[PDB]
Amino acid sequence: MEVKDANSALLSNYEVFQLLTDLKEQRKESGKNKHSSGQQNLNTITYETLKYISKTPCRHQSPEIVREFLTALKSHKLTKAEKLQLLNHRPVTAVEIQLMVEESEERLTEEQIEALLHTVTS
Amino acid sequence: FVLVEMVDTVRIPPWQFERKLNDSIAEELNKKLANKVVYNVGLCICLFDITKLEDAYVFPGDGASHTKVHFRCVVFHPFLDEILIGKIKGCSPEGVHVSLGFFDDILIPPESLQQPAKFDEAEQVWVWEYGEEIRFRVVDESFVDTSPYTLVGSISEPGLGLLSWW
Amino acid sequence: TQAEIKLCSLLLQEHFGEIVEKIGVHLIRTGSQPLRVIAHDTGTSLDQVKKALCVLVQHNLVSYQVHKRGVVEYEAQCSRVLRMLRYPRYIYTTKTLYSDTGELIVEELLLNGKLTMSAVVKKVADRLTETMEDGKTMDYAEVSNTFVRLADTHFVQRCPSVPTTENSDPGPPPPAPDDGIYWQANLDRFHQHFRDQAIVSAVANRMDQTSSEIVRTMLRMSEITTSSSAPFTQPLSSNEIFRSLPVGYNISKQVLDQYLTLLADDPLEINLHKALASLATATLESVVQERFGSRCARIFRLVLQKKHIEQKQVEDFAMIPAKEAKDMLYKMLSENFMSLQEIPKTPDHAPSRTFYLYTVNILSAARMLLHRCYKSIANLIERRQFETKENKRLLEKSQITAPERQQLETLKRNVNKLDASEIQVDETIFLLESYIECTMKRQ
Amino acid sequence: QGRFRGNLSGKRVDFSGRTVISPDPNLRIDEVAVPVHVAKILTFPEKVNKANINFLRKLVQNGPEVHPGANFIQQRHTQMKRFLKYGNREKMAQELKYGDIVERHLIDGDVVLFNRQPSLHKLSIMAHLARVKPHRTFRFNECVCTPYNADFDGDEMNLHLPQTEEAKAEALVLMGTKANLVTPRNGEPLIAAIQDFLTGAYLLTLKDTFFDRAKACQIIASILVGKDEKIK
Amino acid sequence: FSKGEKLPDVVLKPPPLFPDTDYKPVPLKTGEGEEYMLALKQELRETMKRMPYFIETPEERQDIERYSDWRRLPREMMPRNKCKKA
Amino acid sequence: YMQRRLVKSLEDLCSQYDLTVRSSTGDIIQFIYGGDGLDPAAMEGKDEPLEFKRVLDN
Amino acid sequence: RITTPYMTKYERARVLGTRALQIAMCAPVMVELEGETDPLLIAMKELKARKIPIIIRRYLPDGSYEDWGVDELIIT
Amino acid sequence: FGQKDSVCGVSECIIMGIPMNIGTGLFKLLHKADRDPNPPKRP
RNA sequence: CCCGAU
DNA sequence: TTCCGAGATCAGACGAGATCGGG
DNA sequence: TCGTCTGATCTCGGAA
Ligand SMILES: [Mg+2]
């Protein structure tokens with residue numbers, strides 16, 4: 001079970017949520033009671049996991065938005081981790097970007113931060 | 001969340017030879033790597049894809065089929081730069097306990113850094129006043145086997161301001 | 001000599017790093033080995049091996065030479081790596097024999113390995129001026145005066161001409177005007193000079209104060225005309241002895257001449273062969289005095305008197321009882337000091353023989369104690385390796401409760417008790433290693 | 001006697017028996033007659049696989065006293081073999097599910113393998129199908145006795161019983177008597193008629209003999225038992 | 001049976017011991033230099049760094065270190081005060 | 001004994017799949033087994049696989 | 001493509017070796033069998049009908065290999 | 001000598017209890033079930 | 001170790 | 001004269017089917 | 001029980 005590659009993160013919350021939504025509804029098609037005497041830990045993690053991602057209103061979140069938001073993000077010069085925070089955190093208001101958002105120091109400018117609110121709202 | 005490329009030798013018992021391998025390996029690998037934190041890696045969840053499945057041997061003993069499987073699985077591992085949103089499923093006087101919603105109740109924040117009205121005085125007082133946000137700060141996992149927990153976190157709360165709720 | 005290699009793993013770990021130790025210590029373990037073969041056997045990438053050998057050739061620990069294959073086989077000299085242990089002692093005798101300026105000269109020459117004159121005088125013009133008064137700037141001309149003053153007494157010798165082989169690259173070794181020529185320190189001259197302090201302390205603490213000074217002035221005027229491979233010093237006349245006396249003395253020529261024929265005729269015997277041979281046995285005798293009391297040390301000196309006359313006289317010649325004596329023999333046997341029964345000539349019989357006689361062999365008891373002293377400093381450093389990583393939380397707090405500070409002053413009492421004790425066993429190495437080098441032909 | 005030459009190579013072996021041999025020409029060359037008492041002891045773990053479920057249910061009601069029966073059941077998960085003598089066999093019969101092991105008796109159609117103990121060539125171990133007969137001697141066809149170099153003057157020869165299903169096919173295909181009819185020194189056949197059969201068939205094919213339809217249909221109809229009873 | 005009791009001893013105590021921290025006064029001079037150069041040999045250019053830490057770190061981000069009078073006069077004298085060999 | 005010495009040297013040879021006969025350590029003893037790569041067991045009399053007079057009349 | 005296209009007696013033994021042990025662990029049977037309860041007798045019915053889900057991995061001794069389906073071989 | 005022997009032949013695979021590679025253990029067997037190296041998902 | 005079987 | 005190397009002449013090794021049966 | 005191979009000292013012989 002050796003892990004060859006420790007990391008490779010671009011899985012935005014929507015991606016993982018979407019995979020889980022297809023998986024949950026697909027596992028039940030073949031849901032088995034033979035494997036109950038064996039394994040059931042998988043069911044619990046997927047089930048509860050869906051809810052936490054669901055907290056973020058990825059309900060109504062779309063696949064195209066990932067590229068659409070990304071196209072705006074590349075201009076801002078924020079790092080890949082920062083953008084994932086920006087999509088996953090989905091800052092509802094300016095204060096989270098204004099204060100909660102990472103790398104606030106220097107790059108804030110009170111210019112693109114205001115523009116980001118228009119982009120994040122989109 | 002982060003993808004983790006992993007390699008496992010997955011043994012399909014011979015009464016599953018009707019089903020397709022890439023599905024019937026995936027049913028095994030979910031039973032192998034769910035709700036299990038891998039040391040220095042993170043909390044595995046489920047199977048993303050099987051990126052490369054190589055040829056099904058059958059060994060001189062078992063009669064089963066052992067396919068070495070390259071795959072990618074999504075895991076839970078905060079990147080030391082994430083402002084998460086959880087819920088307080090517990091309050092200890094040394095520090096609060098936050099839990100991500102039905103994810104893992106194993107994130108234990110130490111509390112020393114918020115505004116100078118900080119104590120938990122055993123009557124379940126959250127914070128002496130002026131969903132809950134969290135900053136995951138360090139990676140900390142302890143390998144359990146020792147003789148003949150395990151992803152705990154330390155979680156901060158700086159001067160965010162928290163405009164909506166205090 | 002595995003405990004020797006235990007130290008070279010420890011000495012490079014504390015000074016430079018870990019991979020420069022690893023590639024270093026492997027080269028001590030497998031010898032004349034090429035660049036690609038070292039990177040394949042230690043499991044190290046080739047970019048880091050080129051850097052690690054670059055630091056190792058700078059501090060003159062790994063020497064390179066090609067013979068037949070057209071491929072350079074690096075080779076590390078083992079006994080040079082342990083001379084890093086003596087490094088602060090090499091600083092100190094340049095403070096007793098030269099000023100603070102020249103003491104800093106051998107320091108940055110020992111630190112940065114290979115140095116040109118154009119650099120090392122430029123560096124001490126920074127360090128000595130920053131500790132002196134601003135506006136009262138130390139003038140560098142006095143440094144160039146004391147720089148050659150070290151070299152006329154031959155304390156600093158130059159590097160052998162570089163091979164300049166194609167595999168070797170000139171640009172990487174220098175760290176970034178004039179080129180100049182490089183040198184290391186002549187630490188071999190120190191091993192004369194450390195021996196000069198050794199014999200003058202051997203006479204003064206045995207014979208008399210005035211006996212030792214004429215040994216010093218004999219040896220101070222025999223420095224360049226000998227080498228370390230000299231079996232004894234160059235022969236002198238007594239008339240230049242009266243010329244070379246210091247101005248503190250006032251002794252008449254004829255009274256010191258009586259002391260000159262007194263000092264020439266001793267059990268000690270300037271015979272440099274007999275000098276290190278007599279000083280090594282006192283180092284042996286100070287170890288049994290350290291370990292087995294004065295009673296076992298009394299029979300330890302008895303076997304240095306008679307070569308093979310034992311166990312029919314040792315119960316008589318020391319008058320100690322047969323029970324108490326024979327446990328001292330077998331403890332001197334089991335710890336390899338008493339050497340063995342090399343006289344039994346009856347054939348293949350432990351019970352019936354011509355009676356086994358004990359006999360000390362001075363070199364087998366020497367090479368063991370040197371191997372023991374190599375083992376000793378392994379247990380010194382590893383303790384100071386042990387107590388360091390825990391207490392790092394409170395070193396930066398000064399940069400604090402009452403048991404927190406009390407752990408620090410019990411640490412700093414410990415480390416300073418360890419580090420001082422690395423040097424006190426170090427003087428036993430050189431006192432015995434110079435005896436080892438004095439009985440080794442063809443090297 | 002040491003561990004190399006006698007405990008690592010030549011090690012003692014379970015599921016293995018040894019009797020005196022006696023002839024039986026009425027078997028095919030590929031079959032050994034195994035006594036009942038031995039065949040009730042030497043057991044083959046036959047796992048339950050949707051085709052021997054009714055067959056193993058039928059034989060586990062017999063238990064370890066009637067010969068087509070069993071004497072051990074492992075459950076599907078390393079439960080200790082359940083010595084099928086004390087309990088209710090029919091309650092163990094009905095509760096028998098897929099996957100679990102039944103140690104049924106040495107039945108006919110099983111693959112045992114002989115050995116005559118001074119093994120001098122490849123042919124001294126040969127596999128044989130096993131038919132449970134009524135005696136305590138190992139009875140084989142006498143054509144296969146010159147590979148064993150075995151006369152019936154009180155000679156004994158061992159019978160191992162391979163346990164796994166992979167070692168059952170390696171006996172049948174590689175070491176079967178129908179495969180090793182031919183010695184690997186020359187290429188000559190070693191399994192062929194010995195003694196009476198040769199002097200029987202010489203006296204029959206001799207030029208002088210003449211049979212009427214009385215004796216002719218009597219000698220011929222001797223060859224109609226045991227895979228031969230269904231031919232015109 | 002005379003020794004069949006336990007491990008001989010946890011430790012064997014030698015009635016005579018080490019003398020002291022021998023040569024007490026003067027190794028204050030060498031002893032500080034033991035710790036002085038070790039403060040400077042570790043903080044030198046002639047050392048190596050754990051670039052295996054940086055290949056271990058997939059968390060690289062901005063704002064962290066992981067991301068980020070000699071008073072003298074000219075002269076020239078080259079002496080051969082030293083050996084002319086090798 | 002002579003059976004024992006013989007088989008304790010000769011046991012770890014097998015004709016590999018490219019018709020070569022190698023030792024356990026990979027070293028080649030024979031390039032084809034016995035020149036023709038033929039079973040002595042299946043071999044017909046006269047060390048020939050056919051004995052063509054018998055097959056043609058058959 | 002270079003080894004013998006005849007199924008050797010050591011390959012027929014192990015293919016019948018493991019297809020017997022597979023079918024004795026409730027494998028899916030490929031021959032719509034007719035009452036054979038010995039798993040080994042099912043496997044020879046699998047071989048003669050040439051329906052065995054097994055590919056022989058033939059190792060040339062240098063380390064290279066060459067696959068061969070049991071459908072794609074000449075049994076005796 | 002520091003003799004690293006591999007475990008081959010038959011006088012060691014019988015001692016160690018490995019299936020020997022001489023004869024039936026020369027080759028190895030695969031299974032012919034439904035499989036393919038599939039496409040992944042877009043991330 | 002004896003004996004005996006083959 | 002020297003002698004360095006080599007053919008000659010003892011001494012020590014560690015081997016010598018397989019199984020089965022009983023006192 | 002020799003039977004074997006090994007490897008260890010002596011000695012008459014040629015080269016420098
Ligand atoms: Mg007989």
# chains A, B, ... in the order shown; residues from 1 in each chain; ligands from 1
>>> residues_around(residues="residue 33 (chain H)", least_positions_apart="6", cutoff="10 Å", atoms="only C-alpha atoms (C1' of nucleotides)", output="list in words")
residues 17, 18, 19, 20, 21, 55, 56 and 65 of chain B; 53, 54 and 55 of chain G
>>> residues_near_ligand(ligand="ligand 1", cutoff="9 Å", atoms="only C-alpha atoms (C1' of nucleotides) and all ligand atoms", output="ChimeraX atom specification")
/D:149-156 /I:6
>>> write_last_selection(atoms="N, CA, C and O atoms (P, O5', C5', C4', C3', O3' and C1' of nucleotides)", output="PDB file, in the first residue's frame")
ATOM      1  N   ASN D 149       8.901 -52.340  -9.287  1.00  0.00           N
ATOM      2  CA  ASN D 149       9.781 -53.472  -8.996  1.00  0.00           C
ATOM      3  C   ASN D 149       9.219 -54.284  -7.830  1.00  0.00           C
ATOM      4  O   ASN D 149       9.934 -54.768  -6.955  1.00  0.00           O
ATOM      5  N   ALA D 150       7.898 -54.412  -7.839  1.00  0.00           N
ATOM      6  CA  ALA D 150       7.149 -54.930  -6.711  1.00  0.00           C
ATOM      7  C   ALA D 150       6.594 -56.289  -7.064  1.00  0.00           C
ATOM      8  O   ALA D 150       5.725 -56.405  -7.929  1.00  0.00           O
ATOM      9  N   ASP D 151       7.108 -57.305  -6.411  1.00  0.00           N
ATOM     10  CA  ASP D 151       6.427 -58.578  -6.362  1.00  0.00           C
ATOM     11  C   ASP D 151       5.495 -58.595  -5.165  1.00  0.00           C
ATOM     12  O   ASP D 151       5.570 -57.744  -4.282  1.00  0.00           O
ATOM     13  N   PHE D 152       4.612 -59.581  -5.141  1.00  0.00           N
ATOM     14  CA  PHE D 152       3.652 -59.730  -4.068  1.00  0.00           C
ATOM     15  C   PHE D 152       4.083 -60.770  -3.052  1.00  0.00           C
ATOM     16  O   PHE D 152       3.267 -61.599  -2.653  1.00  0.00           O
ATOM     17  N   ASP D 153       5.357 -60.791  -2.677  1.00  0.00           N
ATOM     18  CA  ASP D 153       5.826 -61.773  -1.711  1.00  0.00           C
ATOM     19  C   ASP D 153       5.879 -61.204  -0.303  1.00  0.00           C
ATOM     20  O   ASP D 153       6.756 -61.566   0.482  1.00  0.00           O
ATOM     21  N   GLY D 154       4.963 -60.305   0.023  1.00  0.00           N
ATOM     22  CA  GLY D 154       4.940 -59.696   1.330  1.00  0.00           C
ATOM     23  C   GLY D 154       5.485 -58.295   1.377  1.00  0.00           C
ATOM     24  O   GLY D 154       5.615 -57.731   2.469  1.00  0.00           O
ATOM     25  N   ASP D 155       5.663 -57.727   0.188  1.00  0.00           N
ATOM     26  CA  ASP D 155       6.138 -56.372  -0.042  1.00  0.00           C
ATOM     27  C   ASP D 155       5.112 -55.345   0.417  1.00  0.00           C
ATOM     28  O   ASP D 155       3.910 -55.562   0.263  1.00  0.00           O
ATOM     29  N   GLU D 156       5.569 -54.227   0.976  1.00  0.00           N
ATOM     30  CA  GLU D 156       4.635 -53.179   1.347  1.00  0.00           C
ATOM     31  C   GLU D 156       4.943 -51.941   0.537  1.00  0.00           C
ATOM     32  O   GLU D 156       6.095 -51.725   0.158  1.00  0.00           O
TER      33      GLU D 156
ATOM     34  P     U I   6      10.555 -60.822   3.258  1.00  0.00           P
ATOM     35  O5'   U I   6      10.450 -59.859   1.993  1.00  0.00           O
ATOM     36  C5'   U I   6       9.400 -58.883   1.909  1.00  0.00           C
ATOM     37  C4'   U I   6       9.891 -57.580   1.323  1.00  0.00           C
ATOM     38  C3'   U I   6      10.900 -57.654   0.194  1.00  0.00           C
ATOM     39  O3'   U I   6      10.296 -58.093  -1.013  1.00  0.00           O
ATOM     40  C1'   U I   6      11.325 -55.781   1.601  1.00  0.00           C
TER      41        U I   6
END
>>> residues_around(residues="region 35-49 of chain G", least_positions_apart="2", cutoff="9 Å", atoms="only C-alpha atoms (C1' of nucleotides)", output="ChimeraX atom specification")
/D:46,49-53,55,109-110,165,168-169 /G:12,15-17,19-24,29-31,33,51-52,70-71,75
>>> select_by_dssp(residues="chain H", states="strand (DSSP E or B)", output="PyMOL selection string")
chain H and resi 28-31
>>> select_by_dssp(residues="chain E", states="helix (DSSP H, G or I)", output="number ranges by chain")
E: 27-41, 51-56
>>> closest_atom_pairs(of="chain J", to="chain D", cutoff="10 Å", atoms="only C-alpha atoms (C1' of nucleotides)", output="JSON lines")
{"residue": "J:17", "atom": "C1'", "partner": "D:118", "partner_atom": "CA", "distance": 8.0}
{"residue": "J:18", "atom": "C1'", "partner": "D:118", "partner_atom": "CA", "distance": 4.9}
{"residue": "J:19", "atom": "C1'", "partner": "D:117", "partner_atom": "CA", "distance": 5.4}
{"residue": "J:20", "atom": "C1'", "partner": "D:156", "partner_atom": "CA", "distance": 8.1}
>>> atom_distance(atom1="CA of residue 3 (chain D)", atom2="CA of residue 4 (chain F)")
16.9 Å
>>> atom_distance(atom1="CA of residue 46 (chain B)", atom2="CA of residue 21 (chain A)")
12.0 Å
>>> interface_residues(of="chain F", to="chain D", cutoff="12 Å", atoms="only C-alpha atoms", output="PyMOL selection string")
chain F and resi 1-4+7-8+38-49
>>> write_last_selection(atoms="C-alpha atoms", output="PDB file, in the first residue's frame")
ATOM      1  CA  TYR F   1      25.141 -43.360  -2.631  1.00  0.00           C
ATOM      2  CA  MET F   2      25.821 -42.950  -6.342  1.00  0.00           C
ATOM      3  CA  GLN F   3      22.163 -42.115  -6.818  1.00  0.00           C
ATOM      4  CA  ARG F   4      22.531 -39.513  -4.103  1.00  0.00           C
ATOM      5  CA  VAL F   7      20.889 -36.142  -8.063  1.00  0.00           C
ATOM      6  CA  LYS F   8      22.422 -33.679  -5.611  1.00  0.00           C
ATOM      7  CA  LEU F  38      14.138 -34.226 -28.091  1.00  0.00           C
ATOM      8  CA  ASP F  39      12.692 -36.277 -25.258  1.00  0.00           C
ATOM      9  CA  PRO F  40      14.494 -39.533 -24.686  1.00  0.00           C
ATOM     10  CA  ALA F  41      11.164 -40.766 -23.258  1.00  0.00           C
ATOM     11  CA  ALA F  42       9.177 -40.107 -26.491  1.00  0.00           C
ATOM     12  CA  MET F  43      12.322 -41.042 -28.518  1.00  0.00           C
ATOM     13  CA  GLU F  44      11.809 -44.118 -30.789  1.00  0.00           C
ATOM     14  CA  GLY F  45      14.348 -47.000 -31.050  1.00  0.00           C
ATOM     15  CA  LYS F  46      17.794 -46.170 -32.562  1.00  0.00           C
ATOM     16  CA  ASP F  47      17.596 -42.728 -30.831  1.00  0.00           C
ATOM     17  CA  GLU F  48      15.382 -41.428 -33.703  1.00  0.00           C
ATOM     18  CA  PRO F  49      11.876 -39.898 -33.126  1.00  0.00           C
TER      19      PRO F  49
END
>>> interface_residues(of="chain D", to="chain H", cutoff="12 Å", atoms="only C-alpha atoms", output="list in words")
residues 3, 4, 5, 6, 7, 8, 9, 10, 11, 166, 167, 169, 170, 171, 173 and 174 of chain D
>>> residues_around(residues="residue 7 (chain K)", least_positions_apart="3", cutoff="12 Å", atoms="only C-alpha atoms (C1' of nucleotides)", output="list in words")
residues 9, 10, 11, 12 and 13 of chain J
>>> write_last_selection(atoms="N, CA and C atoms (P, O5', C5', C4', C3', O3' and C1' of nucleotides)", output="PDB file, in the first residue's frame")
ATOM      1  P    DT J   9      59.456 -39.169  -4.001  1.00  0.00           P
ATOM      2  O5'  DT J   9      58.875 -39.090  -2.517  1.00  0.00           O
ATOM      3  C5'  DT J   9      59.741 -38.769  -1.412  1.00  0.00           C
ATOM      4  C4'  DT J   9      58.973 -38.176  -0.252  1.00  0.00           C
ATOM      5  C3'  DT J   9      57.951 -39.100   0.423  1.00  0.00           C
ATOM      6  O3'  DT J   9      58.333 -39.445   1.770  1.00  0.00           O
ATOM      7  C1'  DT J   9      57.136 -36.896   0.192  1.00  0.00           C
ATOM      8  P    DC J  10      57.398 -40.432   2.639  1.00  0.00           P
ATOM      9  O5'  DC J  10      56.425 -39.415   3.393  1.00  0.00           O
ATOM     10  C5'  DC J  10      55.402 -39.917   4.233  1.00  0.00           C
ATOM     11  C4'  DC J  10      55.212 -39.027   5.444  1.00  0.00           C
ATOM     12  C3'  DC J  10      54.061 -39.424   6.338  1.00  0.00           C
ATOM     13  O3'  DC J  10      54.183 -38.772   7.587  1.00  0.00           O
ATOM     14  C1'  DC J  10      53.456 -37.543   5.059  1.00  0.00           C
ATOM     15  P    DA J  11      53.245 -39.209   8.817  1.00  0.00           P
ATOM     16  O5'  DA J  11      52.015 -38.196   8.744  1.00  0.00           O
ATOM     17  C5'  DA J  11      52.117 -36.918   9.348  1.00  0.00           C
ATOM     18  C4'  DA J  11      50.771 -36.217   9.367  1.00  0.00           C
ATOM     19  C3'  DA J  11      49.600 -37.062   9.858  1.00  0.00           C
ATOM     20  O3'  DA J  11      48.683 -36.236  10.536  1.00  0.00           O
ATOM     21  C1'  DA J  11      49.191 -36.392   7.651  1.00  0.00           C
ATOM     22  P    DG J  12      47.662 -36.813  11.660  1.00  0.00           P
ATOM     23  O5'  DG J  12      46.286 -36.091  11.294  1.00  0.00           O
ATOM     24  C5'  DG J  12      46.222 -34.663  11.086  1.00  0.00           C
ATOM     25  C4'  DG J  12      45.252 -34.305   9.982  1.00  0.00           C
ATOM     26  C3'  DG J  12      43.817 -34.817  10.152  1.00  0.00           C
ATOM     27  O3'  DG J  12      42.853 -33.792   9.867  1.00  0.00           O
ATOM     28  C1'  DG J  12      44.641 -35.423   8.027  1.00  0.00           C
ATOM     29  P    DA J  13      42.164 -32.988  11.070  1.00  0.00           P
ATOM     30  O5'  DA J  13      40.620 -32.974  10.685  1.00  0.00           O
ATOM     31  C5'  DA J  13      39.983 -34.176  10.226  1.00  0.00           C
ATOM     32  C4'  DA J  13      39.788 -34.130   8.728  1.00  0.00           C
ATOM     33  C3'  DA J  13      38.458 -34.720   8.255  1.00  0.00           C
ATOM     34  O3'  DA J  13      37.656 -33.756   7.570  1.00  0.00           O
ATOM     35  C1'  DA J  13      40.289 -35.468   6.900  1.00  0.00           C
TER      36       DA J  13
END
>>> residues_around(residues="residue 81 (chain B)", least_positions_apart="6", cutoff="12 Å", atoms="only C-alpha atoms (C1' of nucleotides)", output="compact mmCIF listing (two decimals) with N, CA and C atoms, in the first residue's frame")
# COMPACT_ATOMS: atom_id res chain seq x y z
N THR A 79 -1.64 32.66 -5.39
CA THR A 79 -1.06 31.31 -5.59
C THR A 79 -2.16 30.25 -5.71
N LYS A 80 -1.79 29.05 -6.17
CA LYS A 80 -2.79 27.97 -6.39
C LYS A 80 -3.45 27.62 -5.05
N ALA A 81 -2.68 27.54 -3.97
CA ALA A 81 -3.31 27.27 -2.67
C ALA A 81 -4.28 28.40 -2.38
N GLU A 82 -3.88 29.64 -2.65
CA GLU A 82 -4.76 30.79 -2.31
C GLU A 82 -6.06 30.65 -3.09
N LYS A 83 -5.97 30.33 -4.37
CA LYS A 83 -7.22 30.28 -5.18
C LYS A 83 -8.13 29.17 -4.67
N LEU A 84 -7.55 28.04 -4.27
CA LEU A 84 -8.36 26.91 -3.76
C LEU A 84 -9.08 27.43 -2.52
N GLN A 85 -8.37 28.18 -1.69
CA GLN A 85 -9.03 28.76 -0.50
C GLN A 85 -10.13 29.65 -1.05
N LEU A 86 -9.81 30.43 -2.08
CA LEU A 86 -10.84 31.38 -2.56
C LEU A 86 -12.06 30.61 -3.07
N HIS A 89 -13.37 28.31 0.29
CA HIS A 89 -13.90 29.21 1.34
C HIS A 89 -15.13 29.93 0.80
N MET A 100 -10.07 37.77 6.61
CA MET A 100 -9.83 36.31 6.72
C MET A 100 -8.94 35.84 5.57
N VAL A 101 -9.06 36.43 4.38
CA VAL A 101 -8.31 35.85 3.22
C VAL A 101 -6.80 35.86 3.41
N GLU A 102 -6.13 34.83 2.89
CA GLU A 102 -4.66 34.69 3.06
C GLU A 102 -3.88 35.70 2.22
N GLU A 103 -2.62 35.95 2.59
CA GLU A 103 -1.75 36.91 1.87
C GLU A 103 -2.42 38.28 1.74
N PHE B 1 -8.16 19.12 1.25
CA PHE B 1 -8.22 17.94 0.40
C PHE B 1 -7.11 17.90 -0.62
N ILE B 134 -12.18 28.10 11.70
CA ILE B 134 -11.05 27.40 12.37
C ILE B 134 -9.80 27.67 11.54
N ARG B 135 -8.64 27.92 12.15
CA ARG B 135 -7.48 27.85 11.23
C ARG B 135 -6.67 26.62 11.63
N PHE B 136 -6.66 25.58 10.79
CA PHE B 136 -5.81 24.39 11.06
C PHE B 136 -4.36 24.89 11.00
N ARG B 137 -3.54 24.60 12.02
CA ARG B 137 -2.18 25.17 12.03
C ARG B 137 -1.06 24.13 11.85
N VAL B 138 -1.03 23.01 12.58
CA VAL B 138 0.13 22.09 12.40
C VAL B 138 -0.31 20.67 12.02
N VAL B 139 0.58 19.90 11.38
CA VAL B 139 0.30 18.50 11.11
C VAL B 139 0.91 17.71 12.27
N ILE B 155 -5.43 23.93 16.34
CA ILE B 155 -6.33 24.79 15.58
C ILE B 155 -6.41 26.16 16.24
N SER B 156 -6.21 27.21 15.44
CA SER B 156 -6.07 28.58 15.92
C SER B 156 -7.29 29.42 15.57
N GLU E 59 3.86 22.21 0.42
CA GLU E 59 3.01 23.32 0.95
C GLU E 59 3.64 24.68 0.61
N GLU E 60 4.53 24.73 -0.38
CA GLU E 60 5.26 26.00 -0.67
C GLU E 60 4.25 27.13 -0.91
N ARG E 61 4.47 28.28 -0.27
CA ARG E 61 3.57 29.46 -0.44
C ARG E 61 4.36 30.74 -0.13
N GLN E 62 3.84 31.91 -0.55
CA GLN E 62 4.56 33.21 -0.40
C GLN E 62 4.48 33.76 1.03
N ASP E 63 5.46 34.59 1.43
CA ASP E 63 5.51 35.14 2.81
C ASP E 63 6.18 34.20 3.81
N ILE E 64 6.78 33.10 3.34
CA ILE E 64 7.54 32.20 4.26
C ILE E 64 8.98 32.08 3.75
